[PDB]
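Below is one structure; the comments refer to it alone.
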Amino acid sequence: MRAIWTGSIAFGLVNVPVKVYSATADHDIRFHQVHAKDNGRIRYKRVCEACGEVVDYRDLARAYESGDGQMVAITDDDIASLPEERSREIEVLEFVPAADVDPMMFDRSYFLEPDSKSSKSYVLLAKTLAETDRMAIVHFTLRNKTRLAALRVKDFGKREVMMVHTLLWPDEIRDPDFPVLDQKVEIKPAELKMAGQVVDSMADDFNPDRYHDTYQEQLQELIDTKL
Amino acid sequence: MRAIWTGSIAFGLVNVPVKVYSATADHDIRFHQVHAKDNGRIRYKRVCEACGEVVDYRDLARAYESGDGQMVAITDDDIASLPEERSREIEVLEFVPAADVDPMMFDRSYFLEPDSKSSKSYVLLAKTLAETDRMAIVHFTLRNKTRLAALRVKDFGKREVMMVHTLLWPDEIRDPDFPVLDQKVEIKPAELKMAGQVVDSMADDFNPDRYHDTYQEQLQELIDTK
Amino acid sequence: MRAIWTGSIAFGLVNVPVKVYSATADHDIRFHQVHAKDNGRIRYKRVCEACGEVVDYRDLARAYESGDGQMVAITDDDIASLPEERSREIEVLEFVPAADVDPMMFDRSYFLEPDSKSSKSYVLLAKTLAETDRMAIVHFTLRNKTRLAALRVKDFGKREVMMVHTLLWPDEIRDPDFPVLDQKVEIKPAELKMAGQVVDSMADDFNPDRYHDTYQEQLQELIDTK
Amino acid sequence: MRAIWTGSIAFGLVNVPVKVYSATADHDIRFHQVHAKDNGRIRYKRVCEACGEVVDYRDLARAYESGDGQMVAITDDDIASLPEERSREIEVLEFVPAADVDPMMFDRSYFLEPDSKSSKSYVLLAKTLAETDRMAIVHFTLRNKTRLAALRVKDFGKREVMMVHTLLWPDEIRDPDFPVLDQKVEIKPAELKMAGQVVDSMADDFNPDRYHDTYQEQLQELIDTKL
Amino acid sequence: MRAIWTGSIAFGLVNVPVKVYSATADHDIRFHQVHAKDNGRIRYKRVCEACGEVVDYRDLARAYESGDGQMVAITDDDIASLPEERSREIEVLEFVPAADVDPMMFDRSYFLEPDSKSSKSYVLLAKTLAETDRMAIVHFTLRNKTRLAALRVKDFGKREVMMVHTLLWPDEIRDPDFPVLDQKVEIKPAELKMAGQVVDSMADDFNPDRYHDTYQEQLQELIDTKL
Amino acid sequence: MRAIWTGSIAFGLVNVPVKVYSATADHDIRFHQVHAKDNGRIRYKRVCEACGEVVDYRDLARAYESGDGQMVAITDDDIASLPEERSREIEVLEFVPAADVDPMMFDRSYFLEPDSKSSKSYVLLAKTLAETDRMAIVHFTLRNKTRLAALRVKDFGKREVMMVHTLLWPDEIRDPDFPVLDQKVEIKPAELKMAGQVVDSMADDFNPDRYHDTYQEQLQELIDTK
DNA sequence: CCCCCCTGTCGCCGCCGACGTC
DNA sequence: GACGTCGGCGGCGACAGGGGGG
DNA sequence: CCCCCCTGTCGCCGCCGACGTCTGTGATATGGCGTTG
DNA sequence: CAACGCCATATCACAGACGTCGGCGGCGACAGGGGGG
């Protein structure tokens, strides 16, 4: 366990400290690319095609490939123009109910953990959010990149915790083109009840215990057999 | 927009052809790495460690490195032991009410559209799912990988589109293993009632049109100047 | 310098890390007890009246003497019933105008430093305090001895740092019980005129740069020579 | 309420008698150690650390340790060097406006009341100071320790007594050298206005009566319970 | 050798403390009275003019007799008409050159020995008076009886002390409006010159040493011889 | 006004009868003592204490109370040993310059007026002593009490009178033996200037007519009311 | 103090729908 | 009406810096 | 990672406040002598 | 016809100086423990 950032929520003047944690930990085994004949792992070296020589990270300049096939180098100052890089606070913008968030924009969920000294000023805000049951659209900033996100509280029975959901930009979600539904619809209700009863035939709820990653278990058994 | 893959929702006698799109595709500008002296693209090439030279990808043996570090030679017979990967159709295993679905477990959104002209089945399934309001849990099998997913509908006004939302396994969620938040800390209710209106001082509603990425717009304009 | 402690202001939702420092360092010279016969640094032993033997710090019991002088054996668990001192927060209580604290009460002055990498909340609080011109009275706690204080802001050349001034409990400030001045003495205007003349003849303006402790400098020079 | 002084303000040939009094009495309770196991009161005995024998107060020589761990015995000539302590007078130095002394410096306060016979000069000087609104910075020698101070008047309604506020030597007060605040802090204009209602929601008037040491009163009640 | 007063020279603010001392102590043979037959001391009997019985001190009352023999009753406040009786200080009034006042009015003298802590102010005042050789007129109010006096500095070589000389009221000096003084005589100059040289015939200087008390010394010899 | 006694100044072969007068006759008001309820004077009589009997003044023992509290038997011859009282004249001893004696011992002043038929003598001594300007140190005798006095000449405008001032025994001028003033204290020049300014502010001239015993005046009014 | 993990980042690899075309 | 080529679209998996905590 | 600095005790010296001791001053109330009685 | 205004003398009453004694409180130093690096 290791936090990925350390900052304070910057709403108003509150400056409540928090420690960000990644909820979705990659339990899946990460495979490696090696060659059995030499038993030595492979490495990647980038060589200019015409030059025929390897290069170091310092000599490469980022170039944006346009539709015209023209390369333009990117300067550090131009990319560095963003002033939020030095900001280590989750700059809250406004508080909104959680019912109006489109479930399509969720990207990743992080766990917020406060500082022991100021636990009083964290649990208070969490309790207020729970009582009002509202999100809080923030401007999450990490690795010199800003990811719009919403902050919401999910009670875990014993305690309350704050978590931030990275949100896709509303312009990102692509509008669909639907030339199929334009046709007239004439459905006999006689089949409506039949279909509805078919749907209700498998009436049940979530069963997390039954939901087991079969392939992951098989791979785990295989690697155990290897040893 | 070209569908990533096309298939059908095969569950017993119920079967509808479907072409699957991607609801979201990163529109952030991507740049090609170049070398200043070259002023052109640079190509990565695999090099063997002991050999000191480039070895073809086809001559590389699958392996996994654990804590012990034993040399693992993964073949194809064990990888193909799962027959689900071959299956190009997606079946509903169970049904669950919409409320039970949590916002936590969404992974990605894929748009579903039909292929044949038998639009009766599409609208019928959309209507019954909307009325029952129970999410169709599916073991999505695409890209020869199987992941849990749920199918549902939302009202576009113009369209009653049915489409899926990938899900992750319960093993992927870490627990909040820290009792610091569990400390019994009392709070003066006056503090709560004075921070209340403070919270609502900014109260508003979702306005997706207003929100945008300032950095991406700045980069777009900057490259436009270039 | 070296911080005495590191807590954080807290009134309801608001919070801000602060790092107190000592603002009055006395450069008066501390000596050590030595004896000429052997020139060895003295050592102290806790010695028992009744039992006539050395009794350790751990084996030493605290007690109290009342008006009758009866010994009272106290216990640590009972005294610790107060939970406030455990708090590591400068729990602000109210905001009041700065001019409403007579110089009777000020006891000690302490600087403040924002702890986290970002000082936005600290700077904003300092600015609002400077503008509205209001002191903030806090229940400063330190070393398990809670002591009332007050928050005020005053610029020093380059910064608008704000400081906390400890305060005396109003019941501590005595009163001038003196029936010798309430008597009225006959006086003449010429006496007032001459008194004003003599007083204002010696009047001047504060120039602290030329005020120093002659005894301290003398001792410093004497030790330097030795 | 037992005096600690009997001198006289003397700037020239004035010499108004004054009785200095402690203006801050600590109601805090001071405890006492004891060997409760055998019921034996505790006393401290000065014992050599090297030669290891108990000694009397006279023998120990006041010794100073420098960076080299030296030891110099302070003799009588050190006392003889400064003759200022031989004076029992509050030798007024200058008269300045009261506004010229900052609250940074004030250290302790005492109340001056005169010998009953010389009340005339006492009240005349206090009245002159009050009317002309002047500080009266002085010197001060209590138990052989010369401390700067300031003499300022203060009306108490029925009576008007002048008091001496001891001052810290201007060099003693520390200077805040904090580079963190020097770095530029940027705040959007709408942010600052928000805090005004936050502080205004808690504004009040300073009333001494409300505040009281709960710890001390609880301890007093507890000990009353013990008896 | 024991003091009589503890006040303070108080004009404006100078308020210099002083302990007035007696300069004219009667060294005569202070005698006592007894009776031979009883061989014991005596005591008066306060018998009325009419009661015929001894009256206690408290019961007696004050009154005055005029030419007509009437009586007057004085109340307690009547005696306290002048508030200056309550005064407990030598309230200086003015300052005059020493040579101006005639030695006619000088009635009694006293010594002023200041309080130790007030040596500076008293020394400054004495030096000031000596430099300008200026007297000072003061209402020396002692033992409830006001009395005009005069304050000046007398050198003693070792140190300078300031004494207060009581002054008789100017109206007290009887006017010699007598006719005998008016008459004048015709006087030859030669007799004036011979008389003058006769005056010089017994020239001498101030020699109080050869001056002695005859009767007092003889009584001292007698009282030494008797016992 | 009645002269206290009449004698002469007999020094050498020069004699001049004189009429001594009380120069300083106190005008302070003397009130008697009466028991108001009695309405009469309280007459005191010498009464034996040891034997408890009324004793007349003609047998009281002239006894002393020394350190041991003994008793003294005094005869007439021993107290009559001194023959000076037998003389009823003033004896001029010598002559000394007047400016070199301080007024410390000057006790009482008495007027001298001519009693001789010949006016020549009185004016002769008056003028010669006035011109020589030398004090005439003489012995004064009165009612068995002999005290020294000095004769001087004072002009009252029209009149010139030789006049006698009593003097005290040399041992009666006590000494100011006290080390408190012996201690030497440094003087600051600025304090000296301040003292000179303040004292000079009240500097004035002595006019006899201004000063009256205001208490005596108000007592006069008070008695006048009755 | 050291000393060790986590995530943008992008080039290499691979596959399947669209629409030109037989 | 039915081949099958292409092009893009996505994913795989290695890497390069960012901090975290004792 | 730590060594510094609050905080509480202790012992010590120096200082004040009340108790006890006597001593000198102002006034009453008579004498002897100048003067009248 | 030269003893009764003015000055001691007695002391009586009364207000104040001066010396002892016990207690109260600054303060210089140490010890312990916390939370800073």
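From first to last, the protein sequence lines stand for chains A, B, C, D, E and F.
Just so you know, the first sequence maps onto residues 1 to 227 in our numbering.
Just so you know, the second sequence maps onto residues 1 to 226 in our numbering.
Just so you know, the third sequence maps onto residues 1 to 226 in our numbering.
Just so you know, the fourth sequence maps onto residues 1 to 227 in our numbering.
Just so you know, the fifth sequence maps onto residues 1 to 227 in our numbering.
Just so you know, the sixth sequence maps onto residues 1 to 226 in our numbering.
For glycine and all other residues, C-beta sits at the position ideal for the given N, C-alpha and C.
- Residue nearest to E/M163 within the set E/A136, E/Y211 and E/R143 is E/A136 (criterion: CA-CA distance).
- A residue is called buried when at least 16 other Cβ atoms come within 10 angstroms of its Cβ; C/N207 does not meet this threshold and is exposed.
- Contact check for D/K120 and E/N15: beta-carbon distance about 7 Å, within the 8 Å limit, so the pair qualifies.
- For D/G7, a Cβ of chain E is located within less than 8 Å of the residue's own Cβ.
- With a threshold of 16 other beta carbon atoms within 10 Å, B/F140 meets it and is buried.
- Put simply, of C/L125, C/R58, C/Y64 and C/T214 the residue whose alpha carbon is nearest the alpha carbon of D/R30 is C/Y64.
- With respect to chain D, the C-beta atom of B/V198 has a partner C-beta closer than 8 Å.
- In this structure, D/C48 places its C-beta atom within 8 Å of the C-beta atom of C/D38.
- E/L125 places its beta carbon 8 Å or farther from that of E/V138.
- Sorting B/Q220, B/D200, B/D224 and B/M105 by C-alpha distance to the C-alpha of A/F11 places B/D200 at the top.
- Assignment of E/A61 by DSSP, reduced to helix, strand and coil, places it in the strand class.
- For A/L168, no beta strand (DSSP E) encloses it, and the DSSP letter there is neither H nor E.
- Nearest to E/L13 by C-alpha distance, out of D/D213, D/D133, D/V123 and D/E191, is D/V123.
- Interface residue (Cβ-Cβ distance to chain D less than 8 Å): F/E191 is classified as such.
- When DSSP states are grouped into helix, strand and coil, D/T24 belongs to the strand group.
- For a cut-off of 8 Å, the C-beta gap from C/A130 to C/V101 is around 17 Å, too long to register as a contact.
- Only exposed fits A/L227, as fewer than 16 other CB atoms lie within 10 angstroms of its CB.
- When C-alpha distances from C/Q183 are compared across E/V18, E/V54, E/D177 and E/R86, the shortest belongs to E/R86.
- The C-beta distance from E/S81 to F/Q218 rounds to 5 Å, short enough to fall under 8 Å.
- Using a Cβ distance threshold of 8 Å, A/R46 and B/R43 count as a contacting pair.
- Here the alpha carbons of D/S8 and D/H27 stand approximately 30 Å from one another.
- At least one CB of chain A lies nearer than 8 Å to the CB of D/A195.
- Rounded to the nearest angstrom, the Cβ distance from D/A149 to D/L168 is 10 Å, too far for a contact under 8 Å.
- For the segment 127 to 151 of chain A, the set of positions with a beta-carbon nearer than 9 Å to some beta-carbon of chain C reads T128 in chain order.
- Looking at the DSSP output, F/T146 sits in a beta bridge with F/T141.
- The shortest CA-to-CA distance from B/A25 to any of A/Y211, A/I173, A/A99 and A/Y110 is the one to A/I173.
- DSSP places F/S201 in the uninterrupted alpha helix (DSSP H) bounded by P189 to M202.
- Interface with chain D (8 Å Cβ-Cβ cutoff): B/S87 is excluded.
- Judged by DSSP in its simplified three-state form, D/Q216 adopts helix.
- In this chain, the beta strand (DSSP E) harbouring D/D107 covers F106 to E113.
- Your pair D/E89 and E/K19 does not check out as a contact, with CB atoms roughly 19 Å apart and the cut at 8 Å.
- In this chain, the alpha helix (DSSP H) harbouring D/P179 covers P179 to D182.
- Cβ contact annotation for A/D155 (same chain, cutoff 7 Å, sequence separation greater than five): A130, in chain order.
- Between C/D204 and D/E94 the beta-carbon gap is near 5 Å, inside 8 Å, which marks them as a contact.
- By the beta-carbon neighbour count (other beta carbons within 10 angstroms, threshold 16), D/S66 is exposed.
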